[PDB]
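What follows is a set of notes on a single structure, which appears directly below.
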Amino acid sequence: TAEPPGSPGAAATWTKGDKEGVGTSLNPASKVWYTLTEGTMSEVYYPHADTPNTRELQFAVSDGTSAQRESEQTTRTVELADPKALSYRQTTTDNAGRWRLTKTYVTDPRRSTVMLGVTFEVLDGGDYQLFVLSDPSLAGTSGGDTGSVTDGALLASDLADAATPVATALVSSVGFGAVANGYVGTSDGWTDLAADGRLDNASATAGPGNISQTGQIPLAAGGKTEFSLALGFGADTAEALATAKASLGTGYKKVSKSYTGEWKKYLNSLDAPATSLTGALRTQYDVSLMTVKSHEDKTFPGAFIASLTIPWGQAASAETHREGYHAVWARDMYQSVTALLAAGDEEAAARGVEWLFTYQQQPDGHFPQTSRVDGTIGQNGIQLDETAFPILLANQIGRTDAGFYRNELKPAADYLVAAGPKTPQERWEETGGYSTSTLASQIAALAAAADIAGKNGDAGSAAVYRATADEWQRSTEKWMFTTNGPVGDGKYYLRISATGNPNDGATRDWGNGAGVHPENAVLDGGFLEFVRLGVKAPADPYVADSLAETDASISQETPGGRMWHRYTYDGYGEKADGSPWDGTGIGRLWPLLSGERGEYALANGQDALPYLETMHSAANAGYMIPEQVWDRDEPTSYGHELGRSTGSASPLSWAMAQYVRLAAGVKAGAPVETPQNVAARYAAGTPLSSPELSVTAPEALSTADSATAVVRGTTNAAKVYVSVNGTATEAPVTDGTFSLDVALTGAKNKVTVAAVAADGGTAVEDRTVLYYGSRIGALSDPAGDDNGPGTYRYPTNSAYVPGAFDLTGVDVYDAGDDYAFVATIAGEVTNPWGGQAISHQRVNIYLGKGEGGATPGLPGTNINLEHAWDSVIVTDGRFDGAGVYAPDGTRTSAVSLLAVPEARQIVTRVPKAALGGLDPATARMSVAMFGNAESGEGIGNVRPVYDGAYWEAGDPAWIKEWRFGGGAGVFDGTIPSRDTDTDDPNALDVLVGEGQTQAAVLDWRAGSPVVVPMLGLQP
Ligand SMILES: [Ca+2]
Ligand SMILES: [Ca+2]
Ligand SMILES: [Ca+2]
Ligand SMILES: [Ca+2]
Ligand SMILES: [Ca+2]
Ligand SMILES: [Ca+2]
């Protein structure tokens, strides 16, 4: 087969996020969504709202000598063709006024076809040729497409993905004259026409690769010709052609009417907006409502993508699958259904809630950062507000049935309780810690979950959720309201704190090229979520002092009204020269924040209409509200306009949604999505008492001795509930005291203690309990003991953190099939040299029965044990040198090493069988801590100790840098010991029993090798 020149086609990109309009039928049968960009049709989605298939479809007109692209005509307009439907009309006029093209878009509600009603008028003596230029990017990729011709139609496909096969068919109601396929940048229609105003390439086939199709439209005799084009989609070519023809078969006028009628009927069936919405604000409402609606998938009803666009797509390559904003974000979806809910579309919210918990929720209960419309995980960051919003959606909708509560709601709420108040990522998806914005959703979600749990008879989980939410709610100011910020009076809620001390001036890099700034200096309107979600009263005083400074720092007055940047120094936007964001740049204005300020104003009884006015001034002629609008008077080399959409997403369903939701709030006189049960508790009048609660045991962190742990203390509350990892059990209160042996359910047990007063007030306490099984026995050892006989020194190198070789205890647990030998150290448990759990420590635990007398330990050890040993446990996560060893050096069994730095523990799992019938419960044992080393550094992988003075000298340098000092001897590379004196023990410390001391037991000058006492585990 002869392919036209250009293979495989030029590298391509997507389109700018700034859309003039978008559209889809209300009918779920039509699996197509179209977008418009600068006078052309940009990306069209199919079969799911998360898959773009087009880059550009526009017309070219020639006289026979020269040709022009309508995207080159400085004179073109866009306008919504119907005030009650998502149908747009683009008009292109020749710069010389010789011809005029009029295009009106619509889709066939019954099948996946995008239709274009076209009128071409020659205003000259005539004699012009008209060509359609359709450049696809099927299945979300510019490459991999194959263009062909059949039965007078232009065909294209990319079936490289079995789960998402895509093919199209461009058909002309009047057929085509000349038809051609080629490779972009060489044999494509425009490159061709530009050459000589003629279609020289006649090749009817091209690809796979980046191709484009071109079809000449036969013009009627006279000035104007009216016709229509149908772009049908299908799993295959035959399906696509058939769908397109079925559309033309019905006709543009008929299809147009049907499409426009569904939308009109949809709007007319929903709640009537406030009478105070003037014409323009009403149309903005109608278009915003439909647009939000159009972001729901047709194959997975209930799934809403953030936006049918790719921000800065002109700079985003299309060779590989990209996510853009055409993916599902729980947060953005929450904004969407909450808007449809405000407008009166209950079913969309029901499908939505069902979709979230069925398809996107993860087995652990939380919601992924992003996902495909089928639930397939996209980004994997942890945003706690994305787990809280779906709970709030179910709370609002009443989706509270026992089954849904136990299997859906509880796991999500339990995750929140387990995650703690700090979110690893806040709503802007960039950093973590105590977030005003996220903590507001966390508190509201748990407060709501509490009522749902209670309503379902689960008092334990209710107390846990309420007590937790209550504590975070009363800690809002302590954690995030700074009092020494470098702006205004210095008193305001900051954006996020890493420590929970808003006055510590802790810094961090804020990404996107913003650099390092103290948290004290970063202002963010996220605190407004507190009143919006009923977490604080509308007139809360703290939210009030945040206003002035926040406005000064990130607000600005545009001609349409006041607007806000997300936060101080935000760099997520175009660069100073106007070029698209590419990892760094400068954040612009977010119109949705005006809608947010408006809900806060409304909640306080003020007129919110002006905020709607401001939100609408950010829209284009098509009424598309963008994520961002330019904030400078200077239009860089790019055509940026103050108050107009930038290169990012437009429309942003979220911004569209925020406009509708506020509008509804205006009609009701108060924000309509605020959770009533949550506001009743925190935003109403009279506050509640907080009962006293004192948990005396356990401590913040501990290790249990069995499958149960004693949880006790004092309180003046009526009831107390002790919950571990989501399992709550009541603790009966007796004369202000309580005490319960609660069951441990995991290796790590998060224990929440909730105290509930007779009037409803709560107090909470959290404790963490580590569990390895029933404790056989233990051995203790003093800290600051890591100096051998009392003269040893750590090797100067940094890696050797202090206390690394300082044992503080040894605990043995019966762990079912294994024995868990837990060693605790004073120093931090590191693992830099990349090893199993640890790198530096080499502890030995010689097990025996106290028989015989002095018996040598392992080779490079340089020590003896008080009595004979049957086996020794080597804890060395280096060189696979760990396990239980017989006295002859034979490793009788492998072992697993786990590090628990939080507890400064080093766990060694030893299968019971490894200790051939030697029960540690009645065995004698010696414990010694050495430093691991390479064979070439000393016998048996033990880092030797050398003369103190010799070491102090530092000759060579590696001795005082990577070896122990204060013992005896110098380096000798001729013998395996590498030490010229192995009389001194290489143990930096060991365990001794009563009446004896480490200084005497390790005193090698008074005897060598030293004899380490054989001890017994105390129960
Ligand atoms: Ca492709
Ligand atoms: Ca292409
Ligand atoms: Ca689920
Ligand atoms: Ca010690
Ligand atoms: Ca030595
Ligand atoms: Ca010791």
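So that you can map any letter, position 2 of the sequence shown is 3 in PDB author numbering, and since no number is skipped, the others follow by simple counting. Every residue gets a Cβ at the ideal spot worked out from N, C-alpha and C, and that includes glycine.
Measuring only from the beta carbon, is residue i closer than 8 Å to any heavy atom that is part of ligand 4?
i, result
"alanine 784", "yes"
"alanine 827", "yes"
Would you call the CB atoms of residue i and residue j closer than 9 Å?
i, j, result
"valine 911", "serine 894", "yes"
"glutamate 431", "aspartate 386", "no"
"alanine 821", "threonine 763", "no"
"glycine 486", "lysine 492", "yes"
"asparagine 211", "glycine 186", "yes"
"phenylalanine 965", "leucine 992", "no"
"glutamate 297", "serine 337", "yes"
"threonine 876", "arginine 905", "no"
"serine 554", "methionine 481", "no"
"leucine 268", "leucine 613", "no"
"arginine 373", "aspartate 19", "no"
"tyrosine 683", "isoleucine 444", "yes"
"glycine 22", "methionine 625", "yes"
"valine 823", "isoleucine 940", "no"
"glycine 144", "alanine 319", "yes"
DSSP three-state label for residue i, please.
i, result
"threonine 424", "strand"
"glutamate 227", "strand"
"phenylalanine 60", "strand"
"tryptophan 313", "coil"
"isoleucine 864", "coil"
"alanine 319", "coil"
"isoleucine 378", "strand"
"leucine 1018", "coil"
"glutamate 348", "helix"
"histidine 641", "coil"
"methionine 616", "helix"
"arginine 713", "strand"
"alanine 196", "helix"
Just how far apart, CA to CA, sit residue i and residue j?
i, j, result
"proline 592", "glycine 127", "47 Å"
"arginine 323", "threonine 339", "28 Å"
"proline 888", "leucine 859", "8 Å"
"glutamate 852", "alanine 922", "16 Å"
"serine 547", "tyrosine 494", "6 Å"
"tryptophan 356", "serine 174", "40 Å"
"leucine 394", "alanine 351", "9 Å"
"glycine 918", "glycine 882", "23 Å"
"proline 137", "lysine 255", "27 Å"
Take residue i as the anchor and find which of the options has the nearest alpha-carbon.
i, options, result
"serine 308", "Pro274, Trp34, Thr738 and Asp415", "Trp34"
"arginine 99", "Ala86, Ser63 and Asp83", "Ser63"
"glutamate 935", "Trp963, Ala929 and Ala950", "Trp963"
"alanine 950", "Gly967, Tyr466, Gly939 and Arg944", "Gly967"
"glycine 514", "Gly572, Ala604, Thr78 and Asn457", "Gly572"
"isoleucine 826", "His327, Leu808 and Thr279", "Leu808"
"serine 690", "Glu731, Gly761, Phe739 and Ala671", "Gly761"
"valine 630", "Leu603, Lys668, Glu600 and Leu590", "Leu590"
"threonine 862", "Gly932, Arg794, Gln677 and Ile907", "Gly932"
"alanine 281", "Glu628, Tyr722, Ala620 and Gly878", "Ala620"
"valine 1013", "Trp1005, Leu447 and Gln1019", "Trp1005"
"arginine 776", "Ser707, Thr647, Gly10 and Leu271", "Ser707"
"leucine 916", "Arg892, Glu938, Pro902 and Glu903", "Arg892"
"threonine 300", "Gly314, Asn726, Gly353 and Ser646", "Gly353"
Examine ligand 6 and report whether any of its heavy atoms sits within less than 8 Å of the Cβ of residue i.
i, result
"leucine 992", "yes"
"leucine 808", "yes"
"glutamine 999", "yes"
Considering only heavy atoms of ligand 2, does any lie closer than 8 Å to the CB of residue i?
i, result
"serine 724", "no"
Any heavy atom of ligand 1 closer than 8 Å to the beta-carbon of residue i?
i, result
"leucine 131", "no"
"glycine 399", "no"
At a cut-off of 8 Å, is residue i close to ligand 5 when judged by its beta-carbon and the heavy atoms of the ligand?
i, result
"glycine 968", "yes"
Measuring from the CB of residue i, is there a heavy atom of ligand 3 at a distance below 8 Å?
i, result
"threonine 388", "no"
"residue 1022", "The shown model of the chain, from 2 to 1020, leaves out residue 1022, and the question about it has no answer."
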